[PDB]
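Structure first, then comments.
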Amino acid sequence: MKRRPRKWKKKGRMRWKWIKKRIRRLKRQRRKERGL
Amino acid sequence: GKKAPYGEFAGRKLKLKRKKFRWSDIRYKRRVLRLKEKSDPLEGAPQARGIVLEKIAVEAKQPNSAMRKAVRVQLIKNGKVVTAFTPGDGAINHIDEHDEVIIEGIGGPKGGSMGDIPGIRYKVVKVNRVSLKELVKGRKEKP
Amino acid sequence: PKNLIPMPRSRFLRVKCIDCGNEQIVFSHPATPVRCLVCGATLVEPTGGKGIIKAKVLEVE
Amino acid sequence: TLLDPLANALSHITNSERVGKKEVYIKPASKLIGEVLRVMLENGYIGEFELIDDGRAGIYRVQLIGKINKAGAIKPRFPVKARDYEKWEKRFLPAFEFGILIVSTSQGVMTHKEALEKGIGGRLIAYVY
Amino acid sequence: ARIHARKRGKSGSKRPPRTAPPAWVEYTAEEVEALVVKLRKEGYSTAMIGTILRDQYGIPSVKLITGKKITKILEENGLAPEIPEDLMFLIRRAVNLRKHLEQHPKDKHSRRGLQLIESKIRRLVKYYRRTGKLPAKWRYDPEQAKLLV
RNA sequence: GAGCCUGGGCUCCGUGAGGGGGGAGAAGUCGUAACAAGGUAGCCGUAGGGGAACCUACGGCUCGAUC
RNA sequence: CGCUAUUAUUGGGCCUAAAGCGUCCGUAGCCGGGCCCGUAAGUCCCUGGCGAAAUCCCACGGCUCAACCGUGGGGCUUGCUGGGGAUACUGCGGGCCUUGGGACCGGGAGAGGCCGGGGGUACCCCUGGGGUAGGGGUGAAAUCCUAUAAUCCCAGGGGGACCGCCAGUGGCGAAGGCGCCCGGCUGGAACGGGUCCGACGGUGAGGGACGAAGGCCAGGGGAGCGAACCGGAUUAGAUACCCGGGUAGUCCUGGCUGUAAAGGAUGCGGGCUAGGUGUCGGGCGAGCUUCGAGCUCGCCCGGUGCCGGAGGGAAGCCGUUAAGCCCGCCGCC
Ligand SMILES: [Zn+2]
């Protein structure tokens, strides 16, 4: 992906790596549901 | 380093550079692609007319405490339903359902929500062809 | 005045062959082996830098 | 790489003046550079420039006297008529007669005052003050 | 040497500003050329000819004792090289390198040197086309170039 | 050569069982991941696992404290 | 519209605030060293024919002044075109040069890469000899190994990965990254150079080649470590930290994936603006010598570090290895 380093800073946020893990799981669910 | 292109025959690359980095400012994009005129329920107008359906109250944001009086309004151009704030002390009692009412912008940053009631972009101006300022001061009556 | 015009640090030499007594002009920073043009002995042997003179130096031009 | 020796010369002059030097050596010489130095001498910004000869090109040796604030080359070399000089004056100089625009005409390199007196235009190459 | 590696090296020659041959040279313009041709027929190149004349025979700046250069001296006679020397040397280097890369496939650090040599080659080809020392459509092919060395 | 019918292409709009995540909103449940060596230093990338913040492994960075 | 130098030709910014491609080679295009001769396309001057009127600026005059109207003089009409003249700059054409770049010779440096062979300890398993009850492991313990003789000591055999100290603040490489020894093939840089060619150059949209770890495909191998998994503890709980075991994987061959704090968080080339002190390579000159490819001191060139004055910056800090003043190109906000 494009990554903005601003997001790595941990004030007010959960850790970016785990957010990246969450984003891919949602993408796989959406993509499977359509049937590709 | 030094700014490019600065040559004497580099006339069109400069134009391209400008035309490319001028799509990053929303003021040009939203005017050339006509997005406001597309998502606007007023069809690009300063005022509009509608009919009242429901009288309601909204909470003021923090750290303020108050109820702001509003009404739902179904427009006559397009049939879209919006929300409008009733200004003045007691302006909600001079209103009723099925009354026709004229709607202006409320006044705010970027033609938007003003002060401590977000979610409301519009304001009532006239009730059945009479003005709220007069109805609230006590100088005219609602027919 | 200042060091504006670069001048070469290498000089040409006039030397005399210790075998046959021939006299000959050579370079002092050779990249090839230098030999006598009569008997064929070695006069200067090359190095990375200044060559090592195996003869007698008569003059420095 | 090396594109314009005139700009290099003029910037070297500005820096050496700003720091307080007496003499200045300009390695890649030309004829434009000589003509520009000639104009600057006539107007009184330098002293006693001479050409030295090595086998590559010329070198120029210049003396400074403390009468320079700024100096530089104008890029791109704009064409200019005998009717639009005040614009570039206001753009490159701080007062109405303060410094010299150096112009290249079909009659030689000159100052814009001379060019205007003769009634001609040309191309802009440098400014000094 | 800056073209690829980008280093600011300075290990060249420092010639003096001379306008006429010195007065301690022994040989003369008519023997200088004979020596040039002798060395050529022995089999050396232009640079080695110059180097030898400078070291052994004491002859600086052949173009001072003669108003013409070595390659002109050779093209006047029948000893001019058809493909110029730089191009030839580079092509030889590339041919040997390909020979060895066909047997060491996974070196992978000398292939880059090969690419750089070919880039040099193409630069020089584009130069020589404009000036006329090669036909206007000469190309470089490794299989055809095997047959030039 | 209109109109009518038929098929195709491009394009705009409305709607639909069910499901997906986003943003706001007085006060709720479970934990306590980050800021101090934040109590296992933190964070990048890849992969696997877990109610959830998160945890581990390989390679890196210091934007890491003590001697 | 302006405010807004928040779209920046005039006139912005990219170490830390938004922002340099992971790094290289190159097509179009843009930018391009010095002298001489020519042409006169761009450019400059003078003049002829056109660019309706209203609208815009100025003065005078008529409606009371004005707004308005009229006479005249100028501009606007982003320009087109017919001729004459000039040649500094640019372009085109033809000769010359050596300063930038490239080629070549010489003696040296270096974990640059590939191939083949020979080794060093350590670890694990097995077999034999000796010996008797605990060993390991922790904050404390227990799961586990052990009387079918363990841990421990000795003699032998086998196997797979790695190359310690020396080792550096060090070196080579475009970057990723590269440390046993000998031999072969191969790439590039610096120094020295009255050697050769003679501007052959810079950057590079689109395109291409390389590219840690992990992951995938196909085939082999498999000591130690060890995601997942299973057990013991700790805890209010513990899907974890701690302990004992363990699969893929880590290794070789041949291919795909093309990513990272891929970071100097600092794009590449060129000229200029005080120096000091270390270290690496090469060269020169003096002194020592055990005569050593050796030691010390000084100078020139190139690499790599630490301080620092003017100067710069919001500051931290940078400071001739600029985050300073100039000439350029591409990417980005
Ligand atoms: Zn002899």
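Protein chains in written order, with the deposited numbering: chain Bk, 1 to 36; chain Ao, 3 to 145; chain Ax, 4 to 64; chain Aj, 2 to 130; chain Aq, 2 to 150. A virtual CB, placed ideally from N, CA and C, is assigned to each residue, including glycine.
query	result
Three-state class that DSSP yields for residue 61(Aj) in the structure shown	strand
Distance, residue 8(Ao) Cα to residue 24(Aj) Cα	33 Å
Residue 77(Aj): contacting residues in chain Ao (beta-carbon distance under 8 Å)	8, 9, 10
With 16 other Cβ atoms within 10 Å as the buried cut-off, status of residue 42(Ax)	exposed
is_contact[residue 8(Ax), chain Aj] using C-beta, thresh 7 Å	yes
Cβ-based neighbour list, residue 17(Ax), same chain, cut-off 6 Å, excluding 5 preceding and 5 following	28, 61, 62
Where residue 56(Aj) meets chain Aq, residues with beta-carbon distance less than 8 Å	16, 17, 18, 19
Same chain only: Cβ atoms within 8 Å of residue 55(Ax), ignoring 5 sequence neighbours per side	47, 48
Under the three-state DSSP convention, the category residue 62(Ax) falls into	strand
Whole-Å CB distance - residue 48(Aj) paired with residue 66(Aj), under 8 Å assumed	5 Å
Sheet register partners of residue 115(Ao) (DSSP bridge)	In the DSSP output, where bridge partners are listed per residue, residue 115(Ao) has none listed.
Burial state of residue 156(Aj), where buried means 16 or more other Cβ atoms lie within 10 Å	Chain Aj is shown from 2 up to 130; residue 156(Aj) falls before or after that span and cannot be answered.
Alpha-carbon spacing of residue 77(Ao) relative to residue 143(Ao), whole angstroms	24 Å
Bounding residues of the alpha helix (DSSP H) (the contiguous stretch that carries residue 56(Ao))	Note, residue 56(Ao): premise wrong, no alpha helix (DSSP H); beta strand (DSSP E) at 49 to 61.
Residue 7(Bk) versus residue 26(Aj) - alpha carbon distance	54 Å
7 Å Cβ cut-off: residues of chain Aq touching residue 35(Ax)	52, 53, 56
Element boundaries [alpha helix (DSSP H), containing residue 136(Ao)]	134 to 139
Contact set between residue 44(Aq) and chain Ax, taken where Cβ atoms lie within less than 9 Å	The contacting residues do not exist; residue 44(Aq) stays about 15 Å from chain Ax at best.
Test: residue 64(Ax) CB closer than 7 Å to a CB of chain Aq	yes
C-alpha gap between residue 50(Aj) and residue 88(Aq), whole angstroms	46 Å
Best match in 12(Ax), 7(Ax), 13(Ax), 45(Ax) for proximity to residue 19(Ax) [C-alpha to C-alpha]	45(Ax)
CA nearest to the CA of residue 100(Ao), picked from 89(Ao), 73(Ao), 93(Ao), 106(Ao)	73(Ao)
Beta-carbon proximity check, residue 88(Ao) vs residue 126(Ao), cutoff 7 Å	yes
Near ligand 1: residue 58(Ax) beta-carbon under 6 Å from a heavy atom	no
Residue 62(Aq) - containing alpha helix (DSSP H), residue span	First-last for residue 62(Aq): undefined, no H or E at that position.
Backbone secondary structure at residue 11(Aq) - three-state DSSP	coil
Which residues DSSP lists as bridging residue 123(Aj), in chain order	81(Aj)
Host beta strand (DSSP E) of residue 129(Ao) (start-end)	124 to 129
Candidates 7(Aq), 13(Aq), 150(Aq), 4(Aq): closest to residue 82(Aq) by CA position	150(Aq)
Secondary structure of residue 150(Aq), DSSP reduced to three states	coil
Simplified DSSP state of residue 19(Ax), which is helix, strand or coil	strand
Residue 130(Aj) - DSSP class collapsed to helix/strand/coil	coil
The stretch 112 to 129 of chain Aj in contact with the stretch 84 to 93 of chain Aj per 3-pair CB rule at 8 Å	yes
Residue 59(Ao) beta carbon less than 7 Å from that of residue 71(Ao)	yes
Shell residues, 6 Å Cβ cut-off relative to heavy atoms of ligand 1	20(Ax), 22(Ax), 23(Ax), 25(Ax), 39(Ax), 41(Ax), 42(Ax), 44(Ax)
Whole-angstrom distance between residue 35(Ax) and residue 53(Aq), CA atom to CA atom	7 Å
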